Structures are given as structure tokens and as C-alpha cells.
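Notes for the one structure printed next.
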Amino acid sequence: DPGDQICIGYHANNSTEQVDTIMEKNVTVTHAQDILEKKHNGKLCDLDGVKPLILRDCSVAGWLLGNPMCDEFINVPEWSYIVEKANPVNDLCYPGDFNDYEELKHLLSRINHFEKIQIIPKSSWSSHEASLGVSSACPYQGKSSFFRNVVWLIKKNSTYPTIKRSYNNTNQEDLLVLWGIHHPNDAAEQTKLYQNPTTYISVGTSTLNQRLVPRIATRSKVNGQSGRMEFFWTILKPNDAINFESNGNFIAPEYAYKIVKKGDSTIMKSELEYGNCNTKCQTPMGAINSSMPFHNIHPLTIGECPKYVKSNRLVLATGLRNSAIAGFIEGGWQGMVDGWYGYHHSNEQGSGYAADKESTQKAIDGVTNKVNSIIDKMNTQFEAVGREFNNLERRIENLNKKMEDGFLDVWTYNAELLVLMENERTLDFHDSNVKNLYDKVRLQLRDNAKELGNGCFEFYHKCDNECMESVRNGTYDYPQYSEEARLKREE
Amino acid sequence: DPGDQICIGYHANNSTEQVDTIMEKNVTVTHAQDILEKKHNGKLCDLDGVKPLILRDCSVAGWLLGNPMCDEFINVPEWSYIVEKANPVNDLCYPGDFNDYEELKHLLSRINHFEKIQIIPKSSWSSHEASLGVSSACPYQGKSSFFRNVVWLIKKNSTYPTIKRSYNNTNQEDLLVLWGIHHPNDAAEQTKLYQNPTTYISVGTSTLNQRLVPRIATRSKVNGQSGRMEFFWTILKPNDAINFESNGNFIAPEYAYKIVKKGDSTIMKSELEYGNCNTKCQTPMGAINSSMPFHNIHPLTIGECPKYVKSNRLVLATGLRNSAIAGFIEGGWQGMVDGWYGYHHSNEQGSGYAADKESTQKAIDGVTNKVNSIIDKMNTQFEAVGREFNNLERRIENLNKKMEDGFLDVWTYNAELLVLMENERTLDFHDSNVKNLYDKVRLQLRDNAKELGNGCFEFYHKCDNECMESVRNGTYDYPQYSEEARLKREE
Amino acid sequence: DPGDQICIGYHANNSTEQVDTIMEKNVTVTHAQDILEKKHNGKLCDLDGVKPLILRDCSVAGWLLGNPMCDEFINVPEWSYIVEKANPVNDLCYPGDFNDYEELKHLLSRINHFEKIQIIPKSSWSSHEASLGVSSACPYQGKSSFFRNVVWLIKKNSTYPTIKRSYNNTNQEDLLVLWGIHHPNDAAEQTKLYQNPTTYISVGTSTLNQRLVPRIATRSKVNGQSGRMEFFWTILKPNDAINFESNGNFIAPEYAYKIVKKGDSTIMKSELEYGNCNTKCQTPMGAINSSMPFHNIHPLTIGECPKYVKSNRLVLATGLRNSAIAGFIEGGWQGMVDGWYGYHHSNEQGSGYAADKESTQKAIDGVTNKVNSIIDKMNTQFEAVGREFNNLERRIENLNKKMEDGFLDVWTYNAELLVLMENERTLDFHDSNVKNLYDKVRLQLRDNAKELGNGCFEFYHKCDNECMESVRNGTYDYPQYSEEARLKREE
Ligand SMILES: *[C@@H]1O[C@H](CO)[C@@H](O)[C@H](O)[C@H]1NC(C)=O
Ligand SMILES: *[C@@H]1O[C@H](CO)[C@@H](O)[C@H](O)[C@H]1NC(C)=O
Ligand SMILES: *[C@@H]1O[C@H](CO)[C@@H](O)[C@H](O)[C@H]1NC(C)=O
Ligand SMILES: *[C@@H]1O[C@H](CO)[C@@H](O)[C@H](O)[C@H]1NC(C)=O
Ligand SMILES: *[C@@H]1O[C@H](CO)[C@@H](O)[C@H](O)[C@H]1NC(C)=O
Ligand SMILES: *[C@@H]1O[C@H](CO)[C@@H](O)[C@H](O)[C@H]1NC(C)=O
Ligand SMILES: *[C@@H]1O[C@H](CO)[C@@H](O)[C@H](O)[C@H]1NC(C)=O
Ligand SMILES: *[C@@H]1O[C@H](CO)[C@@H](O)[C@H](O)[C@H]1NC(C)=O
Ligand SMILES: *[C@@H]1O[C@H](CO)[C@@H](O)[C@H](O)[C@H]1NC(C)=O
Ligand SMILES: *[C@@H]1O[C@H](CO)[C@@H](O)[C@H](O)[C@H]1NC(C)=O
Ligand SMILES: *[C@@H]1O[C@H](CO)[C@@H](O)[C@H](O)[C@H]1NC(C)=O
Ligand SMILES: *[C@@H]1O[C@H](CO)[C@@H](O)[C@H](O)[C@H]1NC(C)=O
């Protein structure tokens with residue numbers, strides 16, 4: 001009247017943080033953690049402390065050849081990836097074509113060193129016209145102009161002598177060389193420009209064995225030209241020579257480019273400001289500090305990235321299902337201000353709540369380890385995802401799309417079920433921990449106390465604060481009170 | 001002599017439905033659900049309410065150029081995918097080659113609008129022979145003939161004047177234009193047919209800059225021709241002009257094709273009847289109503305499909321392990337005609353079975369949610385899987401095969417283990433639910449009853465139907481009978 | 001004073017074998033099993049009982065054409081894959097190019113039958129010079145030489161008559177035919193060698209329609225040649241003829257190759273000895289007997305292989321957490337010399353340990369089934385992983401790398417978490433089994449014994465070895481001792 005009591009119970013709090021499990025939707029819970037990165041900084045950033053190459057209104061081709069309307073950032077000796085607009089305004093001012101363009105974009109996507117040099121001075125053309133090679137398709141300061149890196153040679157007097165030019169690459173570094181051929185409209189234009197009616201450009205390195213011949217066709221005007229310029233490139237290894245021979249129609253190099261290539265990346269289509277941030281993962285919509293193993297921002301990423309996932313929320317339960325003084329069977333304790341599982345006693349020294357420190361540590365550690373494993377086991381490689389295929393490579397683009405879409409489906413399904421399965425396992429761990437604590441006590445006390453049915457025991461003897469601590473420590477000397485218990489029990 | 005009794009037990013039934021778990025093979029179970037679609041309708045069907053294009057004995061090339069033996073469905077203004085036989089009977093009647101054929105098949109795989117028009121009337125050839133261009137390789141009504149969409153121009157009198165033809169595309173829609181070059185056997189045939197010994201075809205759009213030249217070689221007869229016809233195509237954007245100029249050997253357009261292209265699909269190899277069904281997933285062996293997240297019919301699918309899996313059966317447990325009156329420890333109850341877990345009482349008002357409605361709902365809901373999650377979380381995108389690569393693209397075909405085979409291995413393993421893991425979890429949930437119900441009762445009754453060891457309690461007091469309901473409701477007033485219990489207990 | 005006793009306990013042993021679980025790192029455990037193959041034999045081996053093709057210092061091209069410095073294993077009628085060194089010493093002695101080389105390597109990667117034959121005897125050149133076609137780029141026995149499979153025809157007297165040669169393929173098997181064109185330095189060399197200033201090679205099968213024309217350019221010396229040899233191949237189906245016609249610059253066939261092609265494989269880069277072993281999985285670093293479902297040796301494998309994984313250890317728990325006479329609550333029993341779970345009794349016939357045979361079998365079977373499922377459910381297809389793309393196919397190489405790196409990330413993550421999740425499930429199974437055994441006994445004995453709190457019961461009656469066996473059998477007749485128990489209990 002009335003006997004000393006110890007109850008087993010668990011933490012509860014004012015949290016409304018919800019969670020899904022394989023078996024129940026929308027379960028309220030004590031603490032939760034999202035494993036899905038949703039947040040970008042909305043800017044293009046260095047990658048591993050190397051600037052991008054931003055081409056505001058130029059294309060790579062425009063940029064390389066010197067489209068004279070390309071008002072771009074000129075000096076920039078190294079980059080990690082390239083940013084083009086979707087359809088750049090300024091491409092090939094004079095209509096034509098860039099042979100193996102997509103392969104050259106991919107090669108220029110990440111460069112360790114890039115330095116333009118002069119290989120063939122515009123001044124060394126003694127027996128041809130350097131400065132007439134000019135068009136109203138390629139306007140500069142209101143006047144007609146041309147690509148600035150490459151010389152459109154015309155006949156001088158009424159003569160176009162055969163050209164012979166070797167350049168030997170005496171630099172330490174691979175040289176990227178560009179040249180072109182002019183495809184004129186008719187045999188009139190051919191002779192008007194080059195005198196010789198039948199022409200060729202021949203180019204040879206140790207690798208290259210090229211003989212180009214102009215093609216006449218009747219073609220629709222583009223930038224008011226029916227002519228076409230067709231451009232070619234090669235990489236001149238650092239002790240080789242390139243050898244040009246031409247009768248006519250030659251768009252000769254002035255400027256080449258020293259390159260040092262140390263692994264690839266890609267070209268990103270984006271409308272964003274550089275931001276002076278560093279990052280290890282860049283997106284068309286912005287960069288990411290990628291601690292989380294999943295993101296849902298954009299598929300077309302460059303760097304060490306979280307796996308892209310079609311998903312709004314990946315939330316793991318970390319805490320508990322959230323809902324004398326009665327114990328566990330009836331609900332959680334707001335009063336358990338600290339600890340996850342534990343006790344409420346009441347004796348002659350008075351009542352209160354105590355944490356089971358030992359079984360609360362085991363569980364915080366377990367849940368923490370569960371969360372870190374799901375995060376830390378994620379293998380994170382460098383990748384560069386772009387669209388590097390032209391309108392005659394659609395079969396290969398469709399191969400790429402099945403692969404991307406394939407991996408998106410695997411990660412999205414697996415992450416979704418991983419969260420649902422481990423949430424069901426986390427809430428059952430908490431149940432299993434509370435019930436093991438009931439049984440820890442039940443098995444110490446045996447007949448020295450009676451199970452009240454609600455999570456509590458009423459003692460058959462006096463249990464002061466020091467006896468209570470021995471129950472919580474698992475050091476309860478049952479023989480020391482079996483005598484006193486037996487007397488109150490029999491009655 | 002003898003006391004009132006309540007037992008805890010679970011449903012059992014005549015089911016032989018088996019299931020595998022990570023730990024036990026072939027476990028009999030109360031109800032099961034297959035998550036593996038195995039059933040097709042054996043027919044080719046519309047896709048998203050758009051007909052396929054069935055080419056019974058033609059190839060796409062045959063079909064486009066007008067191989068005159070191609071007896072096909074002529075009118076058909078739009079399609080979602082194409083069906084060819086494996087090796088069609090009718091291809092190129094006159095032997096030769098179709099430039100960039102596989103890219104053109106992929107472009108024509110799904111078309112929003114397709115309308116043949118005449119761009120160059122067969123009648124407009126005033127200074128050349130339209131109607132002699134004919135061969136016994138391309139037989140029609142027993143007589144020698146040719147491709148019907150394209151004109152094989154021969155010299156008139158003994159003259160082949162230079163051809164100049166612009167067509168301007170004044171339609172609203174992109175035009176697909178086809179032309180050809182004849183590669184003859186020798187300089188005799190060349191002049192016999194075209195007079196001029198040295199010829200060219202030149203074709204120019206705003207895009208295209210082509211000059212074809214016939215090639216002589218000594219070639220093996222095919223359909224009794226040693227000649228070769230080589231065909232070319234382009235897409236004429238809706239305000240551009242195409243410009244032909246030819247000396248000879250020109251296979252000119254008569255008919256072109258208006259196309260509107262809204263995303264791609266592929267070409268399916270199949271021997272099946274159209275069936276007037278609609279579907280969202282088509283297979284070479286038949287269509288699928290794809291509610292299930294996995295199928296095992298065929299890899300080469302077009303649509304939103306279940307993931308293809310190498311597997312006979314993916315069966316999830318939904319029910320229970322299947323095997324006074326004794327309770328749970330001894331087996332299941334055929335008498336539990338309704339509900340999964342519950343009770344059998346016997347008192348002075350008589351005996352019977354009662355469901356634990358509350359804990360049976362929780363579990364049906366849980367299992368239902370488990371099954372729906374495993375199904376609903378499956379991300380389902382449109383994909384079109386074909387073999388779009390020729391016998392010089394084998395490296396790219398092998399890239400495609402590693403990717404397909406790679407995803408088949410991931411899904412097949414993951415689905416197999418997902419079923420085994422969640423089956424072990426489902427059967428342990430049912431164990432855990434029954435035992436929690438034993439403990440619900442055990443904890444209400446305490447010493448007012450004795451555990452019989454077999455799943456049952458014998459009461460130490462009179463428990464009529466209304467007391468029993470309070471045990472099942474969890475509203476058992478123990479103080480109301482501790483007195484009467486204590487008297488029968490002490491004795 | 002003192003009463004008969006039965007305790008429930010579990011196996012323990014001197015094991016230090018550790019294991020990780022989703023929730024605890026470094027858990028000591030009774031027995032463990034690695035599922036990660038780490039061990040290769042360090043040798044190149046037959047694949048499915050078919051030898052590889054080892055090219056010690058040759059390239060495939062060198063090998064095919066007969067680079068006379070290629071001292072290789074000559075006779076070898078069939079192979080399963082090819083081994084080249086990274087950069088072979090001996091390639092094209094005379095500098096040039098092999099058209100569609102990578103596609104030909106992939107076609108020759110696995111051959112069912114390969115037999116060189118003579119199609120055009122070196123002796124049949126009556127009106128040209130067979131034996132002058134020779135260079136100091138292609139040295140043999142100190143003297144100048146050439147490719148041995150192919151004849152460099154020079155003019156005889158000062159004449160190079162037009163060549164006409166059909167070969168008809170009267171063998172049962174596809175023929176691989178090789179020829180070349182010489183691209184000379186200038187019109188002097190052209191006429192010095194071939195007399196005719198303007199030349200062509202024309203080649204025609206039922207498939208092929210080729211006209212090659214030599215290209216002059218000024219080119220850097222390679223092996224002291226500025227000339228270039230460019231080689232071409234085709235497959236002559238078994239009743240077709242190939243037809244050569246040449247004016248000059250013709251590198252004619254002597255030897256062709258009978259091939260029978262039955263599915264593909266790839267070219268492996270490795271520095272290893274053949275070893276006369278058979279295997280079903282080959283690695284650049286050595287072969288594997290692939291019973292395990294995961295390996296971490298090398299990505300570039302050929303055969304039925306374990307999935308490649310970035311991982312040091314995949315270790316599954318199979319045994320138990322490893323740590324009167326007290327039962328389970330206090331730790332494991334070294335004395336439980338045999339069985340996983342069971343009993344220690346002590347009565348008047350004396351004390352000892354007994355296995356619960358029934359519940360130990362269930363569990364060994366369960367764990368064995370868990371391990372076999374994780375291994376046996378692994379779908380294992382043939383694949384051949386190589387690097388089959390040249391320095392202008394980098395976009396397709398980058399597609400391949402994302403796919404490989406993609407699958408490495410999926411398998412590595414999934415295997416890691418599968419081990420951690422199933423380890424946590426295995427240790428909780430063992431807990432759940434021991435506690436069910438405590439409850440098996442507790443529920444048989446009821447009040448005929450008292451729970452000592454530590455895993456033990458003290459009996460309220462005499463329990464000889466035969467009573468004890470009935471407790472372990474689950475056949476304990478409680479009515480047979482309730483009388484004797486009640487007397488000792490009341491007191
Ligand atoms: C879960 O919660 C949200 C409210 O935040 C609600 O839209 C949804 O309907 C709830 N229930 C289920 C079963 O999804
Ligand atoms: C071109 O150069 C000069 C005149 O400025 C003259 O000597 C030369 O012969 C001219 N050639 C012709 C063919 O008109
Ligand atoms: C085609 O016709 C239209 C309208 O008559 C004209 O504006 C257009 O420029 C023509 N296209 C070409 C390139 O001639
Ligand atoms: C547990 O509690 C008792 C009572 O306060 C105390 O004497 C003892 O130090 C504790 N035992 C252990 C092992 O912590
Ligand atoms: C499972 O059941 C089938 C009979 O339907 C049988 O073939 C098989 O051998 C059984 N047992 C095992 C271990 O697979
Ligand atoms: C071809 O056309 C007519 C005869 O039908 C004649 O006027 C013309 O000159 C003929 N040409 C030749 C070169 O025979
Ligand atoms: C090759 O020889 C066979 C048998 O003599 C002959 O039937 C076949 O047509 C020949 N092939 C060609 C295309 O000449
Ligand atoms: C449970 O059972 C008792 C006895 O029939 C009944 O009076 C009461 O309405 C029920 N209580 C609840 C909360 O359903
Ligand atoms: C696990 O064990 C190894 C010693 O073999 C040690 O390096 C490591 O630090 C241990 N602990 C953890 C938390 O990884
Ligand atoms: C080459 O062959 C013989 C001399 O050996 C001679 O009959 C023939 O005319 C020679 N030709 C020329 C053009 O010198
Ligand atoms: C380029 O110049 C270097 C050094 O003067 C020389 O050794 C080298 O051979 C030259 N290259 C060629 C192919 O001429
Ligand atoms: C179990 O043990 C008892 C006592 O030894 C023995 O009589 C009986 O044969 C056993 N019962 C069964 C079903 O094995």
C-alpha cells in the first residue's frame with residue numbers, strides 16, 4: 001500500500017518527421033535523415049581547382065578558327081570542361097563543315113596546356129594574296145573579313161604558283177593544326193580566284209596522307225554564300241613535320257595550338273554564370289558538395305557525383321516510432337528527456353526517469369553505422385556525361401540513352417527499396433531493444449516482484465534508489481531480498 | 001474441473017502454393033503472389049494507339065525506292081515502330097548499296113506523318129529517255145522493270161546533255177529525297193548508255209555538297225547484273241532547295257517523301273500477325289499488359305516494359321507458413337475460417353474461434369504494402385531495343401550486348417534475392433505477430449490464469465463470453481477477478 | 001539443497017574470424033565465409049578447351065601480311081582469344097595503314113578454322129617483276145625484303161601492262177583476302193616503279209566495288225620511307241570470285257586465309273606465359289576457377305566470370321557471435337563441443353552438455369542455403385572485355401568506360417550492403433533461435449521449475465537423465481510431476 005515500482009519505456013518527442021517502410025506508409029518518427037542531395041548552388045564552378053572554358057556565343061569551331069564575330073575570353077591556358085550554349089549564334093560565318101568535329105570537341109574537352117602560336121606568318125606569302133581572302137559572310141568592324149587563324153590565299157597578278165610549306169614542330173608539345181579547302185560555285189569562280197582550273201591540297205605528316213580536291217555543286221545561299229569552306233585538323237607530334245602542297249583553293253594555317261592532353265571530360269550545355277566556387281561535381285543547373293550518395297538535380301554531370309535518381313525523398317528512420325506512470329505497452333515518455341530506452345522508478349526516496357545508457361549507446365551507434373554504411377560504401381568514380389553524337393550517329397546516341405536510362409532505373413528502384421527495407425528493420429530493432437530490456441529486468445527480479453501487465457513491476461520488498469541502480473546495472477542480488485519478498489508474497 | 005480456457009493460434013488452409021526464402025527452399029504457404037509476367041498475346045499491336053509498319057516480304061530500302069516486286073500495304077501515314085522479316089525476300093532487285101542505310105532505318109523507325117509526293121515528273125525529261133531505264137533483275141508483270149520511285153535516265157538519239165534540276169521544298173514539312181548512281185561494268189556500257197565517257201552527279205542543299213563519280217570494276221553477277229546501283233538520301237528542310245547536275249549515270253528522283261519526326265523507336269524482327277489490340281509494351285513473340293515489374297518473354301522489346309529477367313518464377317509469400325483445442329505451438333487452425341491470427345475460447349456459454357481483427361488488419365495491410373512497393377517503386381521509361389548495327393559495326397554491337405547482358409544479370413540477381421529476403425522477412429513477421437498476441441494475453445491475465453505450455457491459458461475464475469471479449473479487446477479488468485482467482489489458486 | 005538444473009546455451013570457440021554488419025563493425029564470430037575470389041594462377045590458359053593466339057612481338061596486321069621480322073608460332077588452326085603486347089615492336093615494317101583494322105581484329109578475335117592458302121602464285125607474274133618489290137624498311141636476313149603474304153609488283157623492261165586476275169573461291173569456307181596500294185612520294189618515283197603516270201586498282205566481289213587511286217603528298221620518313229602502303233581486306237563468300245584490275249601501285253595477294261567464324265571474343269593486352277591450364281575465365285593478370293560470384297583481380301576479362309567489384313573482402317557470417325554453470329544470458333559455452341544451440345543439465349546421475357540436434361540442423365541448413373543462394377542465383381553469361389577503339393573513336397571508348405564504371409559501381413555497392421544486411425540478419429537469427437529454445441523449455445516446465453534468471457531452470461522435483469531427455473525432445477509430462485513439484489514448491 002502501495003509497493004515500490006520500476007517501469008521500462010522509450011523516448012517520445014514533438015517531432016512530426018515522417019518515414020515510409022516496406023510495410024507501412026507515413027510513420028511518425030523521433031529523428032530522420034535524408035540521403036538525397038536536392039540542392040545546387042546554381043553556378044558553373046572550377047572542377048578540382050581548374051576553371052571551365054565558357055563560350056558565351058561561340059561554338060568550339062568558331063572559337064578555334066577565329067570566327068571574327070567571336071567576342072570571347074581570349075587568354076585561358078588550361079580547362080577541365082567546356083560550356084557551350086545549346087545552339088551558339090556564331091559558328092562558321094562562311095558556310096561549310098569541320099571534318100571529325102565531335103572527336104575534336106571531345107579531345108579539347110579537358111586540356112592541361114593550350115597556347116596559340118604562329119607557324120606560317122601571313123607575311124611569308126610573297127607570290128600569293130594573303131589579304132584579299134575575305135567575305136561579307138564573315139563581317140568584322142562593318143567591313144568584310146574572314147576566320148582570323150587561317151589565311152584564304154588568292155592569286156597574285158593572274159598567277160597561283162604551286163605552294164610548298166613544311167612546318168617542323170620544334171616545340172616540346174603536340175601541335176593541333178587546322179587548314180581548309182574552298183569548294184567554289186563554278187569553273188568561272190574557280191579561275192577568277194585561283195587561275196588554275198584543276199586544283200588539289202596535299203597534306204602529309206608521318207601519320208597523315210591527304211589529297212583534297214574541290215567539289216563544284218549548285219548550292220543554296222547561306223550567309224549569302226553558295227561557296228563552302230571545309231576544315232581539317234591533325235595533331236603534329238613534337239618532332240614531326242607537316243607538308244602542304246596546293247595548286248589553289250587552299251585555306252592555309254597562320255596559327256596552330258600547342259596542347260598537352262591528360263585525360264578527357266566533355267562539353268556541357270548551360271546558360272549559367274561562372275561563380276569562382278570550387279566543386280567536385282558540376283551540373284547544367286549548378287554545382288554540388290556531394291556528401292550524399294544520391295541526387296535528383298540533373299543527369300548530365302561532370303565529376304565525382306552522387307548517383308542520379310528519379311525520386312523526391314530518400315528519408316531513413318534514425319529514431320523511434322513516435323507517439324503510477326505506465327511503461328512501454330501504452331506508449332512513449334516525453335519525460336525520457338535524454339536516452340532512447342530506459343526506466344521510471346518510484347520508491348520512498350521518490351520517483352523519476354533514468355536512461356539505460358548501455359543499450360541506448362549500442363543503438364545510437366548501430367543506427368549511426370547503418371546511415372554511414374549506406375553512404376560510405378558508395379563507390380564514386382570521375383565521369384563526364386554529355387551529348388557528343390551528331391544527327392548521323394543517332395543509333396549510338398540511342399545506345400547511350402538506354403545505358404543512362406538503364407542505370408537511372410537500377411539506382412532509383414534500389415535506393416527506394418533500400419530505404420523502405422532498412423526503415424522496417426530500424427523500427428523493429430527499437431521494438432526488439434525495448435522488449436529485451438523488459439526481459440533483462442523480469443529475469444533479474446523473478447518472484448521478488450510482480451509484472452503489472454503494462455510494462456511495470458511492483459516489488460514485494462523495499463527497493464530504495466541503491467537497489468534500483470542495481471536493477472539498471474544488472475547487478476540485482478535476488479538472494480538478499482528473497483526472504484523479505486516471500487513474507488509479503490505469502491499474504 | 002475443468003476451467004475456462006483461451007488459446008492463441010493462426011489461420012491454416014488446404015493450399016499447396018510453395019515459396020523459397022533465403023534460408024529454406026520449398027516452404028508451403030497460405031497465399032502467394034507471382035511478380036513475374038510470363039504471358040504475351042502472341043500478336044503485333046498498336047503502341048500507345050499508333051499502328052506499326054509491317055513489311056511482310058520487303059526491306060525498308062526495297063519499300064522506299066519502289067522495288068516493283070514489293071507487294072506491301074501502300075497507304076499508312078504514321079507508325080510507332082517497323083516490323084521486317086529476318087532476311088526479306090525482296091531488297092535491291094538491281095544489286096548495289098544504300099549509303100547510311102542503318103541511320104535511315106533508325107530515322108524512319110517512328111514517323112508522325114509520311115506522304116509520298118512527286119518532285120520531278122517522269123514526263124519532264126524532254127532531252128533524255130525516262131522509260132528505257134529498265135532491267136530483268138527488277139521484273140514486274142513478267143516484263144523487265146525498275147525501282148518505281150526513281151528514274152534510270154538513258155541517252156536520247158546519241159546524246160546525254162548535262163542535267164540541271166532544282167527542287168525547292170515549298171511544303172511545310174521536311175522532305176526525304178533519294179537518288180542513285182549507276183556503276184557500269186566497262187567504258188563500252190558507259191558510252192552505250194550515257195554517251196559521255198567521263199561523268200559525275202553533283203547534289204547540293206544548304207547542307208549537302210556531293211560529287212559522285214561512277215566506278216568501274218569487274219564484278220560477279222547478282223540477279224544476273226554485274227552493274228551496281230548505289231543510292232543516297234538527304235532531308236531537305238522546308239524552305240531549302242536541292243540542285244542536281246549530271247553528265248550521266250544519274251538515277252534521278254521522281255517521288256520524295258514528306259516526313260514529320262517526333263522521337264525515335266526501332267525495327268523489330270518478327271513473323272507475327274497484326275491483331276488490332278493496343279499495348280504499351282511489344283515483344284517479337286507478342287504484346288504485354290505490363291502491371292508486373294519483371295518479365296521473362298524476350299529481350300528485344302519496344303515501349304514502357306517490365307525489366308527482362310532470366311527466371312522462371314518470382315513468387316512472394318503473402319500468407320502464413322501452412323500446416324481442449326491446442327494453440328500456436330502445435331500448428332495452425334483450419335477452423336480459423338476468417339482472420340490470420342486470433343483466439344479459441346471455451347467457457348460455460350461454449351467454445352469457438354475469434355479473429356484478432358486489429359492485428360490481422362495491420363498485417364494484411366503490411367503484406368499488401370510490401371507487394372505494392374516492390375511493384376509501384378519500379379521506374380518505367382520508354383525504350384526501343386533492336387539490332388541496328390551492320391557487319392562492320394560488330395565492335396559497337398558487342399558494346400550493346402555487354403550492356404544488355406549486364407542489365408539482365410543485375411535485374412535477375414536482384415529480383416531473385418529480393419524475393420528470397422522478403423519471403424524470409426514475411427514468414428518471421430507472421431511468427432513475431434502470433435507471439436506478440438500470446439504476450440498481449442499473458443500480460444493482461446498474469447496470475448488470474450495459468451499458461452498450459454501449448455499456446456493456451458486456463459483461467460482461475462469464471463470467464464463468460466463478455467470477460468473473453470475484454471481479453472481480445474485488451475480491456476481485461478484484472479482487479480475485478482484477482483479475489484475469486486486467488487481463492488481457486490490457493491488450493 | 002541443491003535441486004536438479006537444466007540451462008540453455010550456445011557454441012563458442014577460439015575463432016578470431018571478424019565480420020561487419022549494417023550496424024556493428026568488426027564483430028568476432030564462430031565461422032565465416034569469403035564470397036570474393038582474390039586468387040589468379042598468373043598465366044594465360046585455354047578457354048573452354050581452346051588455345052589462345054599469343055603474338056609475342058607482332059601486331060595482328062604484322063602477323064596477317066607477313067611482316068618478315070615477325071618470328072611467331074606459325075601453325076595454329078583455331079583460337080578463342082588473341083593476346084598482343086601493349087605496343088608491339090613489329091607492326092607495318094613499311095609505313096602505311098590498314099583500312100578497318102579494329103573491325104578485322106574483332107572478327108579474328110575467335111576463329112573455329114584458319115588455314116593460309118595460295119590464291120595467286122608469285123610465279124604467275126609473267127609480264128611484271130614479283131621479286132624487286134623490296135625495301136630496307138622490311139629487313140629479313142640482313143638483306144632488304146617485304147611483307148611475305150603479299151607481292152609488290154614492279155614494271156618489267158619499262159612496261160607495266162594492265163593486270164586482270166579473277167580468283168574464284170572453290171573452298172568450302174569464307175576466304176579473307178588482303179591487298180594494298182603504294183602511295184609514292186612524287187611522279188618520278190611513280191614512273192620509275194610503274195611506268196604509267198596515272199594508275200588505279202579496282203577490286204570487285206558480289207559485295208565489293210572498289211577503285212583505289214594513289215595519293216602523292218610530301219611525307220616525313222618512317223623506317224626511312226616517305227612512301228606509304230595502304231592495305232584493304234574483304235571476306236570472299238565460298239562460291240564468289242574477286243576480280244583485280246591495276247595499272248600500277250598494286251600490292252597483290254599471294255596468300256589468303258580460309259576462316260570459319262562461330263561467335264566473337266576480343267584481344268587481350270598481357271605479358272604472361274601460356275600455362276597449358278584450362279579455365280572458363282581469363283584475366284590479363286591470370287585465369288580464375290570462378291565458383292565465387294564476385295572477384296577484384298582485373299576488369300578486362302574473357303569468359304564466364306564473377307562480377308568485378310572494387311572491394312578487399314566480402315565476408316558472410318555463418319556461425320554465431322563469439323565470446324552451477326550459467327546459460328545464454330552470460331555468454332557462450334566452449335564445452336558445447338558439437339552443436340550450435342543446446343543444454344547443460346545437472347542431476348543425481350551427474351552433469352553435462354547436450355546439443356539441440358533439431359534446432360541446430362534447421363540453422364546450419366538455413367545458413368548453408370543463405371550462402372548458396374547468394375552464390376547460385378548469380379546469372380553468369382560469356383563476355384569479352386577489351387579496348388577495341390582507335391584514337392578517333394574516343395567518344396565511343398568514353399561510352400564504354402561509363403558503362404563498365406557504371407556496372408562496377410552497382411555491383412560494388414550492392415555486394416557490400418548485401419553482406420552487411422545479411423550479416424545483421426544471420427546474427428539476429430542465432431539470437432532468435434537461442435531465445436526460442438529458452439521459451440521451448442520455460443513453456444514445458446511451467447511451475448514444476450523456477451527460472452534462475454541466467455538462462456537456467458532449477459526443478460522442484462527429481463529429474464533424472466530420462467526426464468531431461470523428455471525436456472530436450474519436447475515430450476515433458478508435466479502432470480507426472482506436478483504433485484511432487486507442488487509439495488517442494490509450497491515450503
Ligand atoms: C502521406 O502524407 C501526405 C501529406 O503530407 C499525403 O499527401 C498522403 O496522401 C499521405 N498518405 C499516403 C498513403 O500516401
Ligand atoms: C604578272 O606580273 C608582272 C606585271 O605586273 C609581269 O611581269 C608578269 O608577266 C605578269 N604575268 C602575266 C601573264 O600577265
Ligand atoms: C525556295 O522558295 C522560297 C519561296 O519562293 C524562297 O524564299 C527560298 O529562298 C527558296 N530557297 C532557295 C534556297 O532558293
Ligand atoms: C551497479 O549498481 C550498484 C548499486 O549502486 C553499484 O554498487 C555497483 O558499483 C554497480 N555495479 C557495476 C558492475 O557497475
Ligand atoms: C522443390 O520442389 C520440386 C517439385 O515441384 C522439386 O523438383 C525439387 O526437387 C524440390 N526441392 C528442392 C530442394 O529444390
Ligand atoms: C539526233 O537527233 C536528230 C535526228 O533524229 C538530229 O537532228 C541530230 O543531229 C542527231 N544527232 C547526231 C549527232 O546524230
Ligand atoms: C565460281 O566457280 C563456280 C563453279 O565452277 C561457278 O558456279 C561460280 O558461278 C563461280 N563464281 C562466279 C561469280 O563466277
Ligand atoms: C471491449 O470489450 C468489452 C466487453 O465486451 C466492451 O464493454 C468494450 O466496449 C470493449 N472496449 C473497447 C475499448 O472496445
Ligand atoms: C577493425 O579492425 C582492424 C584491425 O584488423 C583495424 O584497422 C580497424 O581500425 C578496426 N576498427 C574499425 C572501426 O574499422
Ligand atoms: C622491252 O622488251 C624487249 C627487250 O628486252 C623489247 O622487245 C621491247 O620492245 C622492250 N620495249 C621498249 C619500249 O623498250
Ligand atoms: C624536325 O626537326 C628536327 C631537328 O632539327 C629533325 O631531327 C627532325 O627529323 C625534323 N623532322 C622531320 C621529319 O624532318
Ligand atoms: C523423447 O524422450 C523420451 C525419454 O527418453 C523417449 O521415451 C521418447 O522416445 C522421445 N520421444 C520422441 C517423440 O522422440
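Any value given below was found using the heavy atoms of this structure, including those in side chains, with hydrogens, waters and symmetry copies removed. Proteins come first, then strands; the chains are lettered A, B, ... in the order of their sequence lines, and each starts at number 1.
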Worksheet item: Which bit of A:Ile216 is near chain B, if near means a heavy-atom gap under 4.5 Å: side chain, backbone, both or neither?
Response: both
Worksheet item: Relative to chain A, which segment of B:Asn400 carries a heavy atom at a distance below 4.5 Å: side chain, backbone, both, or neither?
Response: both
Worksheet item: Side chain, backbone, both or neither: which part of B:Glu102 has an atom under 4.5 Å from a heavy atom of chain A?
Response: both
Practice prompt. Go through the side-chain N and O atoms of B:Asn209 and A:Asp97 and say whether any donor and acceptor fall under 3.5 Å apart.
Written response: no
Item to complete: Name all residues meeting the side chain to side chain contact (heavy atoms under 4.5 Å, CB included) criterion together with B:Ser246; count only those two or more places apart in sequence or in a different chain, and write none if there are none.
Response: B:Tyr160, B:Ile201, B:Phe250
Practice prompt. Please look at A:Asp20 and chain B and tell me whether the side chain, the backbone, both or neither of the residue comes under 4.5 angstrom of a heavy atom of that chain.
Written response: neither
Discussion item. Using heavy-atom distances under 4.5 Å, tell me whether A:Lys25 contacts chain B through its side chain, its backbone, both, or neither.
Written reply: both
Worksheet item: Where does B:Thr205 contact chain A at under 4.5 Å (heavy atoms): side chain, backbone, both or neither?
Response: backbone
Fill in: side-chain contact (heavy atoms from CB on, under 4.5 Å) assessment of A:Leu408 paired with B:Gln381
CA-CA 10 Å; A:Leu408 169 73; B:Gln381 237 156 352; 3.9 Å; yes
Fill in: Listed partners of A:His183 passing ring-ring contact (aromatic ring centres under 6.0 Å, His included), at least two apart
none
Worksheet item: Is B:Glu103 reaching over with its side chain to a backbone N or O of A:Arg395, donor-acceptor style, under 3.5 angstrom?
Response: yes
Practice prompt. Tell me, with the steps shown, if B:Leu418 and A:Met421 meet side-chain contact (heavy atoms from CB on, under 4.5 Å).
Written response: CA-CA 10 Å; B:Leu418 174 75; A:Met421 295 173 324; 4.0 Å; yes
Item to complete: Check step by step if side-chain contact (heavy atoms from CB on, under 4.5 Å) holds for A:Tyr413 and B:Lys307.
Response: CA-CA 11 Å; A:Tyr413 192 65; B:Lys307 305 287 136 54; over 6 Å; no
